[PDB]
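Read the single chain below, which is given as structure tokens and is the form deposited in one PDB entry.
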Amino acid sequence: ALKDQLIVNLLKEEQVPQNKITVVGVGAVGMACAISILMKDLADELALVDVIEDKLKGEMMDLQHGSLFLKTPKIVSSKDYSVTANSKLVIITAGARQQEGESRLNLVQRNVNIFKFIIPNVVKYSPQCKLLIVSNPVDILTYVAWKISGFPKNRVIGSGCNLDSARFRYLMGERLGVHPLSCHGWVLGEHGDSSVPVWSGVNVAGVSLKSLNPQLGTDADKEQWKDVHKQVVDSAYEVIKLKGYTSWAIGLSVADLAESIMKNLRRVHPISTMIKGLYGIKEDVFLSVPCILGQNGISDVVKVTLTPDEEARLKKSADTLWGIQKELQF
């Protein structure tokens, strides 16, 4: 054989991937996660799982054909979860998505049913994985993943408000003429209608914008900064209305979270976690708060100081989400 003429093999294999990531679902969100992760060099192996064989194989092939331009030497796919074995991070994007005028919360019974199959099959083959949930309603489905998997809370993460805050910071940037990296501000709570802009923390160079205008984000605000939060809440729906779905931004947001996990960075992200014990919340609610993210998932939670109004808005989001949790049928 030509190969053996050209190459002397010196070593019996033992290929056990060291930085493997799995993306479950090859819809537009999942493939946006994939290309973003590939282009950030975060993994030595990428596996894709879905239920439509042809679509899955074609997406796998299309990525493989770009390998020259990449640094991820093994891209694989199967309907069978054994392909995901030894993943450090498994990203769940499968399930029904919201239509125009439909709340993400309306997706819950359909995606719970799907999760009942996906989660046990995922955790089966990857004892070291973190589970990053992207499917919606993301906060409820992170709770669901946690309950079905039996994983400890640090290992079950929801993409949560990482995108909402990125959007908030983009829109703020545009108003001030400053790059979003230098515009700081947190949208917490539900990834959806009841999210909470934390005006008290919104700043450039440590300068509190609320300190300069204490009516920031209220109806009295002459510059109507609340509209920036409204734009954040409406963003997914506006993009859905224009191009049919969203993909690129969530892909990049998920890639940003993957980077923190895979590279043990311990950056702070507003992502879905259990918050029993904070802000007077006494039940097992999952919602976005600022969490320190690394190789063991969420190891630490930042206790954001909230005004009485912000705290009320967060408890409100927490009641909403708990109310849907009480509808869950395991």
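For every residue, the number given is its place in the sequence shown, counted from 1.
Missing here is the form solved in complex with a small molecule; even so, the following discussion is about that form.
Contact here is defined as any heavy atom lying within 4.5 Å of the small molecule in the deposited bound form, and by that definition each of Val134, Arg167 and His191 is a contact residue. Residue contact with the small molecule in the deposited bound form: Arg97 places a heavy atom within 4.5 Å of it. Residue contact check for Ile250: one or more of its heavy atoms lie within 4.5 Å of the small molecule in the deposited bound form. Within 4.5 Å of any heavy atom of the small molecule in the deposited bound form lies no heavy atom of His229. Though the partner is left out of this view, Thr93 does reach within 4.5 Å of the small molecule in the deposited bound form, counting heavy atoms only. This chain is displayed alone, yet in the deposited bound form one of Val289, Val29, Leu293, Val285 has a heavy atom within 4.5 Å of the small molecule; that residue is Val29.
Between the options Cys183, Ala236, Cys129, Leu105, the residue in contact with the small molecule in the deposited bound form by a heavy atom within 4.5 angstroms is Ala236.
Picking from 255 to 263, 134 to 142, 212 to 220, 150 to 158 the stretch near the small molecule in the deposited bound form, with a 4.5 Å limit on heavy atoms, gives 134 to 142.
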